[PDB]
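# Report on the structure
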Amino acid sequence: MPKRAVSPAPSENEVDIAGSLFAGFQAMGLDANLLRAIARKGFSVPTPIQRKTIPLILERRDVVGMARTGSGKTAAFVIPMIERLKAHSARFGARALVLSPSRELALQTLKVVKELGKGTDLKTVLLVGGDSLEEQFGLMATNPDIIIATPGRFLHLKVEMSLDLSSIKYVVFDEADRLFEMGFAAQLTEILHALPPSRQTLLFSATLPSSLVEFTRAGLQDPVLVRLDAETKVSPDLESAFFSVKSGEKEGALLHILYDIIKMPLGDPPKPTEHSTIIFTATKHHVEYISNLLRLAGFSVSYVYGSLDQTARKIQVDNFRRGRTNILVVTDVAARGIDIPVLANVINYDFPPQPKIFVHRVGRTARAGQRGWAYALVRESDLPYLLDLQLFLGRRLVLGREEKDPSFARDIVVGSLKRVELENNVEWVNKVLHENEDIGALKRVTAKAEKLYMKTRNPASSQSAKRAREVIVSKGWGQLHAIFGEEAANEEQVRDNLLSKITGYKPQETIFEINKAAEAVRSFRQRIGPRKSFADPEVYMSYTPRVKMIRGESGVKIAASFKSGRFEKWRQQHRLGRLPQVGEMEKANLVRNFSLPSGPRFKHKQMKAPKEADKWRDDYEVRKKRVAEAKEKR
Amino acid sequence: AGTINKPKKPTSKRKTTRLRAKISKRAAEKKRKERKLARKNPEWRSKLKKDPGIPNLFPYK
Amino acid sequence: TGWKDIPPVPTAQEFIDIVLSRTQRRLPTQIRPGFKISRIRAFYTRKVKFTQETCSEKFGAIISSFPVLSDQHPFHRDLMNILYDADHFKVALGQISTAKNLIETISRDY
Amino acid sequence: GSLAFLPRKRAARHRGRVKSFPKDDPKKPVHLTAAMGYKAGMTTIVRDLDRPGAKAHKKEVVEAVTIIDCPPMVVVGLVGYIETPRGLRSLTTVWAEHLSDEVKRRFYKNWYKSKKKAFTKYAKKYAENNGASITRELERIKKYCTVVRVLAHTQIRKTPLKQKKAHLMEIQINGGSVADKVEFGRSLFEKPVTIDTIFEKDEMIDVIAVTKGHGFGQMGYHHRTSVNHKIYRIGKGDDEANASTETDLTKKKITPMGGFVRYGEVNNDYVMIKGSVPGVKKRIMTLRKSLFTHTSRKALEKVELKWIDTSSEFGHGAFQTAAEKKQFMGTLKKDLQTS
Amino acid sequence: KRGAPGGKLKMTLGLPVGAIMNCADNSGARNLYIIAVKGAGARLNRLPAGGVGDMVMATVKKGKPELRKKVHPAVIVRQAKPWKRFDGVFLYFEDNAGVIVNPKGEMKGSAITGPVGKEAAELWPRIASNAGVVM
Amino acid sequence: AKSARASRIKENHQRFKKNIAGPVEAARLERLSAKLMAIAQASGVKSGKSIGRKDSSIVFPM
RNA sequence: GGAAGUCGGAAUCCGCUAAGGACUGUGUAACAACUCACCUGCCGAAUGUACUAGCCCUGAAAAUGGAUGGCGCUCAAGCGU
RNA sequence: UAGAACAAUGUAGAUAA
RNA sequence: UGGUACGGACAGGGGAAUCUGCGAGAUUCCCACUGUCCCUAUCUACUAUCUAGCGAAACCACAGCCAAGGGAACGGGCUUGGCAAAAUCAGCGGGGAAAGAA
RNA sequence: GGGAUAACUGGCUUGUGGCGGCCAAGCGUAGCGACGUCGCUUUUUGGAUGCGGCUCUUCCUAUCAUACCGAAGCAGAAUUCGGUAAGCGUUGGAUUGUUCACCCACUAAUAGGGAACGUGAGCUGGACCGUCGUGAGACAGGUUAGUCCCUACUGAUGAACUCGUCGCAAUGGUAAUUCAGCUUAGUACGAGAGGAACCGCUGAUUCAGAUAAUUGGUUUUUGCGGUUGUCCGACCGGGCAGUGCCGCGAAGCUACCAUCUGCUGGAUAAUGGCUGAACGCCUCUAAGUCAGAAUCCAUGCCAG
């Protein structure tokens, strides 16, 4: 049943830099306590995102930050938060609020904020699913200053207390790209409607989907969207090759890359490795298929796909960063989620629809002046997207071996592969598919996924399609890759002449002509036989540019505003009094009644009395005494 | 077809009064329309008609 | 493995008869003038749409059953080129695709 | 449910009627078709299965069987039927001498206050040289009739029941000329016929009964004719080892320890039949032959028993005989106090 | 080919759709979750169920994280709901347990923890090979 | 599957009835008939040989 | 590549004639072979192409069981005078 | 208003079990 | 005043069980929330066949079995057809109620 | 503001477009004109939608499956189209306000409709006046329409034939369905890959009718045993807590939670034939006749 039960978990990662249409620490001037906390943490120099963002946040401007995971966005918005709050407030009502996608991300934010505010009297609360709604009631009674929450639970508690958020002045959206991918849009909009207009809005993300751009335009007051510069210029130290590959030879071509074009050692390796190969794919089914195929071939491979378990992703990523696995296969969304260290080797299995997505996946490497390699497998159907990539990068295309020494780093050089081994590899793939049934089932699943992904993938441009047809007609599509060698160029050419002049044959008559059908074919042939600078550069205006609905926790459809009253019943349960209205001093007796446990939070909390002792049972008196102890504890 | 073993619903020949009135009215209407079209008559008419003549099988032709 | 599983391709008249019989026999065919104009519209648009997806399904089966010359092994590609004139093969397949598209557009407009 | 059995209605009669006897041809030998019995209960057996092609071939399978006490039936009449454009018509019937008190009670409704004057003039007809009349009726059956049936009744006095009123029915004679079957019946007058003679071991037969009422519209008391039930054993009652097999040498009767629940003890000829049977315990059963020749290997199988359960049915019981119980148990306070 | 066993006799089904199960092999999963039963007959609101030796489709709920949240065919080897064998013996097991098996009938693991049902051992020859206790 | 009323199934059942079950039932019938036969043998007007009369309507009463 | 009347394009003649097409189909890898067109011998007397006019079948049908008023009617108890 | 039959039901709404 | 290294503790219970001779005793299984559904449990209200006695009301032109036809989306009484046998009891899920039209 | 109109479909509907030219039988003495063909739509490289949704009865066939046929490069296997056929069965996920399409899953397959202007039975989710503005309207200003019986189904009784016993059978109802495994057989067939069917045998799904040996479950048996509050002066023995609670618990009853049983003749539709005229060839049809579908009619079965 649950094969494609809902949808391919990694859908797409759409990015819009047209969203650009929005518009030391001591030298930055932080408080002494915050400075000592940062010194304890070890943030000697702020990361580039911090350096560009924190001054703006201190200048009280709403900002959207394009930054990779692990760039330090968490501290980037927590340090200004602590600097702004700087003390616990005796007036009831919180003013710091952050919305995070998942509980793990929320806990990471909790750890960051605690370590960055050790000593300061700020009260920070976590509000995520799986915890007791009563416990969250008690924490709101403790009256925190900072709220770190997941939006669904946030609305649940919002509806349950009818809380007043007018005191909130500081609002942060962490990983809003994940928020919108998981589908938090409507409830986020209702949160925004609840929030007072007089607030400072921070939004940290790695990508800017058009939905997120519209949300920012709707909810942000003059956003000074930010970004870096490694998110534009493909590091010139990146050297790229493109391989014309066939559908049935795709896996064989991927291993020739690994074997003869990369010299990838087999077995467990004896901080990434010297090789450091990442593989970017189209869906999780390709992820599993390629991972298992590589593992059978003998390659130390870790796989990370979209809807993978948290612990599993953690283990695989930790192995890749420690160098226990040298190949890492990711789709797009898992890649964006995981913090990828410096890489030397990038392989694009399925071509990306967006040249900007290609730019991200290749800026994954060739960093800090260290040279990087990018090999991309392209098919005839993906050739228009390759040409769109050409237009985006403004580089020249070299097809096959039109130039003797093409510069693969600055030129987009496309070629085929060593026919000899390519075939010895494709035969191996066919053999393993015929032998291992699990691999065959996986291959069929990825075939269906390929069909679905081709159906749902965004289209190319008309000019790209036309010139793709022209390239396919041209000779440059079918010869070797410049890398191989001029001697190969010699030997390939020794017979390529006759081979090509055989491939380019126009039959005089079909085997059917060799009846009414024969007459129809002859008429068909007769019908469809072949058909018989000067400008001023200074001023030449050119053409190209230079009851509302929300989903509940149970998943069953639930109305937007449904006050179950169980908060009032909570009040009745624990005989409490009226909650402190916004502004009134925190009530220490209620704080002591419901403040917090003694530290570590266990989960295993059932105290059940044992069954009544039986005389015929062996441990009669012992069971009787434990039952007596249980009734004494009550 | 298995009409003999499993006959279907019969078609009633019992004419309803609603149908008899409607068919009489539409017959009269068609006759009047034919008369008006014949009055229009965008066609030529001759005096002498093509007489077929005596059949070849007449014994005394 | 082979190409013996490609479904038979009907002629033009057989195709028209298949599609126009399926739409005749798989949907109700009695609506009355004394019914609501909305229900008359629904009935006729159901007929038109059903004919459209029937034609589209058959054309899609034709387009996806036949092997692609590009992704074949070079021996098979050249063999089929010699035996079948891949140029005419692609031309006929393109005619099928264009007819599918135009049928879809006709259905939408009507 | 099934529109075949609906409108659902109480059975018009408690006995249950055959409604169809097997088609008769002269070539077969002369035989009776049906029989009567009283349901005693059910027990458990095991069978050395010899079904080829089955998963349980050459293995031991535990099956549930039903016991019907079948005291010998007494023949008291002979009925002659004729064929007419309106159907079968009971042309005549001939009764015997010395009708039993139980069948006379069947004829009477209030037998205790009645002067029991039934069939006295018929007995005088037989005994007073109106044997001319008896033979006249017999010859009329000889030369005018096509199908002939025999009136037979059970022995309530032998069945351990509070009733005293016997059950009379017609059992058709098949396989012979009308003359041969009329002579056969006249010979069978005033003689007991046995269930081991009407049926035998290994013979799938038909059981006709009235279902158990489920009242305190109609649920139950419904006439049913259940087909294809393999008779597994015919027990002699006086054999003293009815429940014994050749694998276990235990001298025990079919009656369980303490007797059948709500029925009693089976001391007569009995039939052990595979599966379930319509009707409650002590209800009248009708046993007839299959209307058609069988089409299954299950019909030609030979049932090899291994043992028959004689444990107590009144509760979780576990001893086949009182001897087994006393050997497992030893001696008790009551036994030593009595001794 | 649908994984419906042939020659299986009648026995009581006590593991309906959506049923939590222990995992008996060394494959890396601890529990399974029956979601569908092979060879079942869709009745009005009737929940499909399977007995010992019947193939089902199960999703792992706990175990090795790499295999977690994955769906595999399985065949059940132990059933706590009592059922009768043709020798007249009503029997039941301590828990509900099965083994992950490919559609042909081969096990992913190499050993089975605990006893294996006689019906499963007879129906699937591979389980008879990977079984140490048969009852 | 073929129905219980299929012609070919009926022909197969007829062959089975004629070839095996027939002989088996004939043999058992002979045995039981022999047993029951053994258990059994365990002027015209004043004699009864001349069958005479004992002791709504179809025709219209005249 | 092979194409002999018959995978294809164009012309499509003459002789012998009773008559026979540079061939109407089957068939061969090509032949071959059969067959049609046309002609002769036997048979022996009316045929055979296209239209018209009556009656009849078809020319479209759903959903409770029923209607020339019903039974029923066939050299009629139907149709025409 | 009192006897007999079987007499512990069902539906609906609330209720932290 | 706050950090730095060293030493110790933390990152635990409850219930059910299995195996060896109470035993450092060894081994196996279950503890989450949800504005979600259902079920079980408590409370509340209405819930009732016959018999002795007493004993209304609404409603009521007369009636009350079906199918086709009865031009006026009209049938209950008419045509022609199916048919059709007293008097009751219980169950009741069908009919005997509906438009007015821009 | 006045006037007409005031509902409306009712042998209605269904599969094959319109325009123009050519051609064209008739008719007609230029005009009308079917089928085809040519030109446009239309080609030389593979989201729409803006009242819906459940349980049960019955009917249609415009048939998805099961049954039987005819045709197809139909080798086998899997199929495609078409014909007879309504006996028997006939879904679920994803998304959307909803629906379909597409896609995803089992399954033999998971067809489409009717219950007649109220679309089977049950259930669920406004217009008139008045005041004040006229380049648009406002008024907590007033007024007003909103209609327990009869019969049907079906058991269970019942007077008249003297009661009773054993029977016949007019008429009415009707029941079985699908899949799998072994053998055939790794055989026919096939270069290979692969890969059947008939006979025979054993099971399983659903439906239907019974049944309680066995195995589970239910206790007003208040049967036995244990236990809380209170009371009989204490023990025994007990009462009250609208059956105090708990363990076991027969009998009854139950449960595809248990077990058993479900049957055979004739006439046919498509279609395949034999003999043989029409019509000196020929022809399954004209006279005569053979076979053949889960079809039809009956037996088996229930009622009488």
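Conventions and cut-offs
Residues numbered from 1 in each chain as written, not as in the entry; some residues may be left out. Chains lettered and ligands numbered in written order. Part of a larger assembly, values for the part shown. Heavy atoms only, no water. Helix = DSSP H or I, 4+ residues; strand = E, 2+ residues; numbered from the N terminus. Rg over C-alpha atoms; globule rule 2.2 N^0.38 Å. Buried < 20%, exposed > 50% of the residue type's maximum accessible area, 1.4 Å probe, protein only. Areas by Shrake-Rupley, 256 points an atom, 1.4 Å probe, with all protein chains shown as cover. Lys, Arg positive; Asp, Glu negative; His and termini not counted. Charge placed at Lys NZ, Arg CZ, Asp CG, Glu CD. Contact = heavy atoms within 4.5 Å. Salt bridge = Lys/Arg side-chain N within 4 Å of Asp/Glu carboxyl O. Near = heavy atom within 4 Å. Polar contact = N/O pair within 3.5 Å; in protein donor to acceptor, adjacent residues only side chain to side chain. Nonpolar A, V, L, I, M, F, W, Y, C, P; charged D, E, K, R; others polar. Pairing = 2+ DSSP bridges. Axes fitted to C-alpha atoms, helices over the stretch in contact; angles between N-to-C directions. Core = buried A, V, L, I, M, F, W, Y, C linked by side-chain atoms within 4.5 Å. Buried area = accessible area lost by both parts, 1.4 Å probe.

Method of determination, as annotated in the archive: cryo-EM, at 3.1 Å resolution.

In the annotation of the PDB entry, chain E is listed under the name 60S ribosomal protein l23-like protein and assigned to Chaetomium thermophilum.

Under the annotation held in the PDB entry, chain B carries the name Putative GTP binding protein and is attributed to Chaetomium thermophilum.

## So, the overall build of chain B
When you go through chain B residue by residue, the secondary structure sums to 1 helix and 0 strands. Here chain B has a C-alpha radius of gyration of 24 Å; the compact-globule value for 61 residues is 10 Å, and the former is much larger. Considering chain B as a whole, with its 61 residues, one finds that 0% of them fall into the buried category. For chain B, the computed accessible surface area is about 7,500 Å², with 57% contributed by carbon and sulfur atoms. Distance from the positive charge centre (24 side chains) to the negative charge centre (4 side chains) of chain B: 14 Å.

## Here we look at the environment of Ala-409 of chain A
Residue and element names in this part refer to chain A. Among the structural elements, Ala-409 can be located in the loop between strand 13 (397-399) and strand 14 (412-415). Sequence separation between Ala-409 and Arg-395 is 14 residues; the distance between their C-alpha atoms is 9.9 Å. Not counting chain neighbours up to four residues away, the residues in contact with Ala-409 comprise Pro-236, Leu-238, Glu-239, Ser-240 and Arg-395.

## A few points about the pattern of salt bridges
Taken as a whole and judged by the stated rule, the model has 61 salt bridges over all chains. Taking the shortest distance from any N to any O, the salt bridge between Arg-601 of chain A and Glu-135 of chain A comes out at 3.9 Å. One salt bridge connects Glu-63 of chain D with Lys-274 of chain D, and the closest N-O pair in it is separated by 2.3 Å. Taken together, the salt bridges that share partners define one network made up of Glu-200, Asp-202, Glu-203 and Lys-289 of chain D together with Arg-28 and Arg-31 of chain F.

## What to know about the protein's contact with RNA strand I
The environment of RNA strand I is formed by 35 residues, the closest being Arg-40, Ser-554, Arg-566 and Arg-617 of chain A together with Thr-17 of chain B. Sugar and phosphate atoms form 62% of the subset of RNA strand I atoms that lie within 4 Å of the protein. In this structure, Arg-623 of chain A approaches RNA strand I through a side-chain N or O atom, which is 3.3 Å from a phosphate oxygen. In the environment of RNA strand I, a sugar or linking oxygen lies 2.9 Å from a nitrogen or oxygen atom belonging to the side chain of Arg-14 of chain B. Every element with two or more residues in the surface near RNA strand I is listed here: helix 2 (32-41) and helix 7 (151-161) of chain A together with helix 1 (17-40) of chain B. Residue classes in the surface near RNA strand I are distributed as 12 nonpolar, 9 polar and 14 charged.

## Considering the interface of chain F and chain D
With 29 residues of chain F at the contact, the number on the chain D side is 37 residues. Our count for the contact surface shared by chain F and chain D stands at 5 salt bridges. Here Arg-28 of chain F and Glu-203 of chain D are joined by a salt bridge, their closest N and O atoms 3.8 Å apart. Linking chain F with chain D are 7 residue pairs in polar contact.

## Some details on the sheet that holds strand 6 (residues 71-78) of chain E
Within a beta sheet, neighbouring strands are joined by backbone hydrogen bonds and run either parallel or antiparallel to one another. All names here are of chain E. Within the closed barrel, the 5 strands sit side by side as 2-3-5-6-9. Their pairing is mixed. Neighbour-to-neighbour, the strand axes of this sheet turn through a mean angle of 55°, independent of strand direction. Alignment of strand 6 against strand 9 (residues 97-100), held across 4 bridges, turns out to be antiparallel. Note on strand 9: the bridge partner recorded for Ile-76 is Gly-98.

## Observations concerning the nonpolar core
Residues and elements named next belong to chain D. In this structure, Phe-199, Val-271, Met-272 and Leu-287 are the most contacted members of the largest nonpolar core, which totals 78 residues. The element that contributes the greatest number of residues to this core is strand 4 (residues 73-84), accounting for 8 residues. Among residues more than four places away in sequence, those in contact with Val-271 are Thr-66, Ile-67, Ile-68, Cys-70, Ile-195, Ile-231, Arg-233, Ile-234 and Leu-287.

## Some remarks on the side chain of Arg-623 of chain A
Residue and element names in this part refer to chain A. In this structure, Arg-623 sits in helix 24 (residues 620-633). For the buried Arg-623, no salt bridge exists, and the shortest N-O distance to an oppositely charged side chain is 5.0 Å, to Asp-619. There is a polar contact of 3.4 Å between the side chain of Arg-623 and the backbone oxygen of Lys-611. The residues contacting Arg-623, other than those within four sequence positions of it, are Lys-611, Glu-612, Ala-613 and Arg-617.

## What to know about the protein's contact with RNA strand G
RNA strand G sits among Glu-513 and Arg-522 of chain A, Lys-9, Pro-10, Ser-12, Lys-13 and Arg-14 of chain B together with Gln-24 and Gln-30 of chain C. Sugar plus phosphate: this is where 78% of the atoms of RNA strand G within 4 Å of the protein reside. Between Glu-513 of chain A and RNA strand G, the recorded distance is 3.1 Å, taken from a backbone N or O atom to a base oxygen. Between RNA strand G and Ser-12 of chain B there is a distance of 3.3 Å, counted from a sugar or linking oxygen to a side-chain nitrogen or oxygen. Among the residues forming the surface near RNA strand G, the class breakdown is 1 nonpolar, 3 polar and 5 charged.

## As for the environment of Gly-275 of chain D
Residue and element names in this part refer to chain D. Looking at the element boundaries, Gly-275 is found in the loop between strand 11 (270-274) and strand 12 (284-289). For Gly-275 and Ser-226, which are 49 residues apart along the polypeptide, the C-alpha to C-alpha distance reads 11 Å. Excluding anything up to four places from it in sequence, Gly-275 contacts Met-42, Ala-64, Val-65 and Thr-66.

## Details of unusual backbone geometry
Unusually for a residue other than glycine, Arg-60 of chain A sits at a positive phi of about 70°. Along the polypeptide, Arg-60 of chain A turns up in the loop between helix 3 (48-58) and strand 1 (63-66). Even without being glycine, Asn-228 of chain D reaches a positive phi, approximately 60°. Residue position: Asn-228 of chain D is located in strand 10 (residues 223-235).

## Regarding the interface of chain A and chain E
Listed by partner, the interface residues are 9 residues for chain A and 11 residues for chain E. Both faces combined, the contact of chain A with chain E buries some 910 Å², and carbon together with sulfur accounts for 53% of it. When residues of chain A are sorted by the area they lose upon contact with chain E, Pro-2, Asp-309 and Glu-437 of chain A head the list and together hold 42% of the total. Linking chain A with chain E are 2 salt bridges, by the criterion used here. The partner of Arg-68 of chain E in a salt bridge is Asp-309 of chain A, and the shortest N-O contact between them spans 2.9 Å. The tally of links between chain A and chain E comes to 3 residue pairs in polar contact. At 3 residues, the largest contribution of residues to the side of chain A that touches chain E is made by helix 13 (residues 310-322) of chain A. Residues that form the side of chain A that touches chain E fall into these classes: 4 nonpolar, 2 polar and 3 charged.

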